[PDB]
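A.B. asks: Here it is: the structure, laid out below.
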There are 2 protein chains.
Amino acid sequence: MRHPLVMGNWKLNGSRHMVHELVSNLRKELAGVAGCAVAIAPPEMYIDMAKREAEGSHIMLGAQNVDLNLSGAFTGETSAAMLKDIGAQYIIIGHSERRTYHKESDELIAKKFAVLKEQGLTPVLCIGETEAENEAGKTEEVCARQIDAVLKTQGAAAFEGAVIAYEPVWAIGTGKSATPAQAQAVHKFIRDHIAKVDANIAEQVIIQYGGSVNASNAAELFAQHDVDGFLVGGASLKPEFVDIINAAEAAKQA
Amino acid sequence: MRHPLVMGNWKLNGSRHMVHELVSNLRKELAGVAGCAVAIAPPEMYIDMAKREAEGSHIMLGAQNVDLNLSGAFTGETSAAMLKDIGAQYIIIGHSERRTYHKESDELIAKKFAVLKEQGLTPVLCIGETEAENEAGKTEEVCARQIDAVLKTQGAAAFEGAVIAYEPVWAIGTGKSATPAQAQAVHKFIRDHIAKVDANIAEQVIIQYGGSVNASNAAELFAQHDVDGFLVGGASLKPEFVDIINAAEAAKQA
């Protein structure tokens with residue numbers, strides 16, 4: 001049905017050496033892989049280098065943010081038009097680290113989703129609830145809110161070709177991921193919630209699960225029905241990333 | 001006494017082709033200029049590209065902002081160890097565009113200065129006042145403030161090897177530049193202000209002028225005693241940046 005995506009968000013980790021190594025190894029390690037779609041998001045100053053190193057393979061490049069302006073007098077910003085130019089396709093927006101540390105709002109993340117779409121880039125929209133919200137029973141409500149900032153404003157056609165990445169905040173870097181059962185309950189909720197507005201768009205939107213995915217759990221998770229892939233953090237930097245991609249690929253070709 | 005620095009800030013402008021064009025022509029057009037130190041700040045995902053193209057010449061590279069972490073779980077952040085790895089020395093911080101549009105604060109802009117310095121990068125701390133602040137007579141108070149954020153927390157020492165770039169906000173992109181008399185008077189004030197803490201450091205701090213500078217006004221402005229160079233905005237993208245550089249160079253060698 002949906003073609004799986006495993007995307008690796010490298011976060012604040014990269015170097016000329018590490019980019020030379022990981023991507024050239026991945027390139028030989030992922031030769032003839034056709035059941036999964038793979039992308040890496042190097043730190044911005046390395047997107048171009050990893051883009052040249054990934055040539056010959058089908059590793060897709062991504063980026064970890066965009067800002068709202070395409071050009072002009074905006075020091076220190078990230079143009080979507082330039083991300084596009086340099087070869088990024090998958091732009092992470094709305095990750096918990098920008099939401100908490102950088103106090104990024106739903107309204108701002110939605111206007112960014114808006115830009116990326118308009119440009120022709122795949123947003124990987126992160127959503128997730130915190131442990132507090134989780135205990136409270138608010139997971140449906142948080143997730144739904146967060147999807148709605150795009151859904152109620154721009155409409156379900158916005159998700160035609162986007163990626164939602166459910167990343168339970170209490171699961172990011174903690175080591176405590178959602179069980180397959182948990183994971184899938186929310187991916188089904190998400191899908192139901194877009195489908196209420198347009199089921200044709202719900203059926204196609206990739207819902208990746210992110211939040212302590214590693215080789216051991218990659219397969220239990222992927223067995224689920226509404227889990228379309230993964231957004232990998234820590235293990236992106238480890239060779240174990242290939243094993244996570246192999247989970248999504250061979251299970252795909254069941 | 002002080003060797004001039006002309007840093008071009010590209011703002012949110014760039015592509016693979018303009019970066020090829022500008023830098024190769026600059027590289028060729030700056031052959032033999034020793035009276036001036038030159039640095040360019042391409043947008044982040046092009047510092048590597050430009051660094052490479054600038055190899056051979058003595059065009060130093062820079063960057064338009066940093067964030068406070070060097071490594072980690074910080075999606076979408078810029079690390080100083082990473083800017084340093086890709087080859088950037090001059091990191092602009094506190095520019096009005098970040099200060100207004102990104103609500104960046106002095107306590108923050110100071111913490112970013114600390115971070116640059118500790119990594120061995122050269123901070124280019126923008127300072128300045130708005131038109132309103134100018135009219136009320138607050139130029140002194142505003143500028144001293146902004147400088148004191150680093151001076152009172154970190155000491156006079158923080159300025160050894162650091163650049164201050166006075167850009168009056170009413171002057172940026174407006175076409176309305178400070179007269180050499182305005183420029184000089186303020187640059188002399190800043191230097192007088194640091195000197196009252198440590199005189200020896202105040203003689204070596206480069207104080208650049210920025211705010212609608214171009215080939216015709218570079219000369220008249222460089223004639224002032226306390227104006228050690230130029231932060232160029234929009235003419236960085238023009239061939240007129242080299243004419244600006246020849247004005248700092250020829251008059252330095254008086």
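Following the order of the structure tokens, first chain is A, next is B, and so on, with residues numbered from 1 inside each chain and ligands from 1 in the order they appear.
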So which residues touch residue B:140 within 8 Å, counting only C-alpha atoms, skipping near sequence neighbours fewer than 4 positions away, as a list in words?
C.D. replies: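 What passes the distance filter is residues 144, 186 and 189 of chain B.
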A.B. asks: With 7 Å as the limit and counting only C-alpha atoms, what residues in chain A lie close to chain B? Please list them as a PyMOL selection string.
C.D. replies: chain A and resi 11-13+15+44-48+64-65+71-77+82+85+97-98
A.B. asks: Would you compute the distance between atom CA of residue A:7 and atom CA of residue A:248? Give it in Å to one decimal.
C.D. replies: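 About the pair atom CA of residue A:7 and atom CA of residue A:248: they are 11.3 Å apart.
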A.B. asks: Output as an MDAnalysis selection string all residues of stretch 189-228 of chain B that backbone DSSP marks as alpha helix (DSSP H).
C.D. replies: chainID B and resid 189:195 199:204 215:222
A.B. asks: Give the strand (DSSP E) residues of stretch 78-147 of chain A, as assigned by DSSP on the backbone, as JSON, numbers by chain.
C.D. replies: {"A": [88, 89, 90, 91, 92, 93, 122, 123, 124, 125, 126, 127]}
A.B. asks: How would the residues just picked look written out with N, CA and C atoms as an mmCIF file, in the first residue's frame?
C.D. replies:
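Once everything was written out, this is selection-v4.cif:
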```
data_model
loop_
_atom_site.group_PDB
_atom_site.id
_atom_site.type_symbol
_atom_site.label_atom_id
_atom_site.label_comp_id
_atom_site.auth_asym_id
_atom_site.auth_seq_id
_atom_site.Cartn_x
_atom_site.Cartn_y
_atom_site.Cartn_z
ATOM 1 N N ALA A 88 17.848 19.178 -0.696
ATOM 2 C CA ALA A 88 17.092 18.542 0.381
ATOM 3 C C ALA A 88 15.663 18.373 -0.114
ATOM 4 N N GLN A 89 15.015 17.255 0.240
ATOM 5 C CA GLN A 89 13.609 16.977 -0.051
ATOM 6 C C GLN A 89 12.721 16.935 1.215
ATOM 7 N N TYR A 90 13.191 16.270 2.254
ATOM 8 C CA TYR A 90 12.451 15.992 3.465
ATOM 9 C C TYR A 90 12.895 16.954 4.524
ATOM 10 N N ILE A 91 12.024 17.863 4.908
ATOM 11 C CA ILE A 91 12.431 18.848 5.891
ATOM 12 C C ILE A 91 11.690 18.533 7.148
ATOM 13 N N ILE A 92 12.406 18.253 8.210
ATOM 14 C CA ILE A 92 11.753 18.032 9.471
ATOM 15 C C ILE A 92 11.223 19.365 9.938
ATOM 16 N N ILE A 93 9.955 19.473 10.387
ATOM 17 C CA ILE A 93 9.469 20.707 11.051
ATOM 18 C C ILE A 93 8.686 20.333 12.330
ATOM 19 N N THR A 122 8.924 17.877 0.844
ATOM 20 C CA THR A 122 8.139 17.039 1.707
ATOM 21 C C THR A 122 8.369 17.496 3.103
ATOM 22 N N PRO A 123 7.386 18.071 3.797
ATOM 23 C CA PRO A 123 7.482 18.273 5.236
ATOM 24 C C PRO A 123 7.449 16.966 5.983
ATOM 25 N N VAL A 124 8.189 16.741 7.059
ATOM 26 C CA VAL A 124 8.094 15.580 7.925
ATOM 27 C C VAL A 124 7.584 16.339 9.138
ATOM 28 N N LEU A 125 6.272 16.373 9.352
ATOM 29 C CA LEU A 125 5.729 17.135 10.462
ATOM 30 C C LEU A 125 5.801 16.267 11.734
ATOM 31 N N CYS A 126 6.532 16.721 12.732
ATOM 32 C CA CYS A 126 6.549 16.009 13.980
ATOM 33 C C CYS A 126 5.399 16.358 14.869
ATOM 34 N N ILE A 127 4.800 15.361 15.502
ATOM 35 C CA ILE A 127 3.854 15.615 16.553
ATOM 36 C C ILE A 127 4.196 14.674 17.695
#
```
A.B. asks: Write out as number ranges by chain the residues lying within 9 Å of residue A:129, counting only C-alpha atoms and excluding same-chain residues fewer than 6 positions away.
C.D. replies: A: 138-140, 142-143, 166-170
A.B. asks: Could those residues be written to a file, using N, CA and C atoms, as an mmCIF file, in the first residue's frame?
C.D. replies:
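New file part_24.cif:
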```cif
data_model
loop_
_atom_site.group_PDB
_atom_site.id
_atom_site.type_symbol
_atom_site.label_atom_id
_atom_site.label_comp_id
_atom_site.auth_asym_id
_atom_site.auth_seq_id
_atom_site.Cartn_x
_atom_site.Cartn_y
_atom_site.Cartn_z
ATOM 1 N N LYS A 138 -4.492 13.045 27.631
ATOM 2 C CA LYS A 138 -4.584 14.039 26.588
ATOM 3 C C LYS A 138 -3.924 13.693 25.264
ATOM 4 N N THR A 139 -3.358 12.508 25.028
ATOM 5 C CA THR A 139 -2.638 12.191 23.778
ATOM 6 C C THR A 139 -3.406 12.411 22.458
ATOM 7 N N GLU A 140 -4.684 12.034 22.453
ATOM 8 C CA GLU A 140 -5.597 12.223 21.328
ATOM 9 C C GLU A 140 -5.709 13.723 21.011
ATOM 10 N N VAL A 142 -3.746 16.349 22.170
ATOM 11 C CA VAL A 142 -2.544 17.033 21.762
ATOM 12 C C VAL A 142 -2.276 16.804 20.272
ATOM 13 N N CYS A 143 -2.228 15.529 19.877
ATOM 14 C CA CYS A 143 -1.954 15.134 18.513
ATOM 15 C C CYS A 143 -2.859 15.722 17.463
ATOM 16 N N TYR A 166 5.075 10.622 14.376
ATOM 17 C CA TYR A 166 4.587 10.676 15.730
ATOM 18 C C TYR A 166 5.806 10.335 16.582
ATOM 19 N N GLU A 167 6.180 11.236 17.497
ATOM 20 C CA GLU A 167 7.322 11.146 18.387
ATOM 21 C C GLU A 167 6.873 11.541 19.796
ATOM 22 N N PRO A 168 6.459 10.535 20.531
ATOM 23 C CA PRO A 168 6.038 10.681 21.880
ATOM 24 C C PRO A 168 7.218 11.281 22.623
ATOM 25 N N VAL A 169 7.139 12.561 22.978
ATOM 26 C CA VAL A 169 8.206 13.239 23.735
ATOM 27 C C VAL A 169 8.824 12.390 24.854
ATOM 28 N N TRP A 170 8.028 11.703 25.698
ATOM 29 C CA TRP A 170 8.607 10.874 26.755
ATOM 30 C C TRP A 170 9.510 9.706 26.247
#
```
A.B. asks: Do a neighbour search on stretch 32-38 of chain A at 6 Å with only C-alpha atoms, toss out local chain neighbours closer than 2 positions, and write the hits as a list in words.
C.D. replies: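 Neighbouring residues, sequence-local ones excluded: residues 4, 5, 6, 7, 30, 59, 248 and 249 of chain A.
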A.B. asks: Would you write out those residues with N, CA and C atoms, as a PDB file, in the first residue's frame?
C.D. replies:
```pdb
ATOM      1  N   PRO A   4       7.201   2.591   2.503  1.00  0.00           N
ATOM      2  CA  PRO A   4       7.821   3.023   3.743  1.00  0.00           C
ATOM      3  C   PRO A   4       9.036   3.976   3.619  1.00  0.00           C
ATOM      4  N   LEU A   5       9.194   4.831   4.621  1.00  0.00           N
ATOM      5  CA  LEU A   5      10.283   5.759   4.681  1.00  0.00           C
ATOM      6  C   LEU A   5      10.959   5.561   6.016  1.00  0.00           C
ATOM      7  N   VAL A   6      12.263   5.320   6.033  1.00  0.00           N
ATOM      8  CA  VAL A   6      13.010   5.379   7.290  1.00  0.00           C
ATOM      9  C   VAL A   6      13.801   6.687   7.163  1.00  0.00           C
ATOM     10  N   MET A   7      13.608   7.726   7.978  1.00  0.00           N
ATOM     11  CA  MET A   7      14.446   8.910   7.829  1.00  0.00           C
ATOM     12  C   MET A   7      15.323   9.108   9.027  1.00  0.00           C
ATOM     13  N   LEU A  30      23.572   0.042   1.244  1.00  0.00           N
ATOM     14  CA  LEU A  30      22.189   0.121   0.850  1.00  0.00           C
ATOM     15  C   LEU A  30      22.057   0.005  -0.634  1.00  0.00           C
ATOM     16  N   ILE A  59      19.714   7.432  -1.508  1.00  0.00           N
ATOM     17  CA  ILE A  59      19.568   8.128  -0.255  1.00  0.00           C
ATOM     18  C   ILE A  59      19.162   9.519  -0.749  1.00  0.00           C
ATOM     19  N   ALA A 248      12.013  -2.367   7.886  1.00  0.00           N
ATOM     20  CA  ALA A 248      11.016  -1.783   6.981  1.00  0.00           C
ATOM     21  C   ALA A 248      10.982  -2.332   5.549  1.00  0.00           C
ATOM     22  N   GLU A 249      12.050  -2.923   5.041  1.00  0.00           N
ATOM     23  CA  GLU A 249      12.095  -3.301   3.649  1.00  0.00           C
ATOM     24  C   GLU A 249      11.567  -4.696   3.456  1.00  0.00           C
TER      25      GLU A 249
END
```
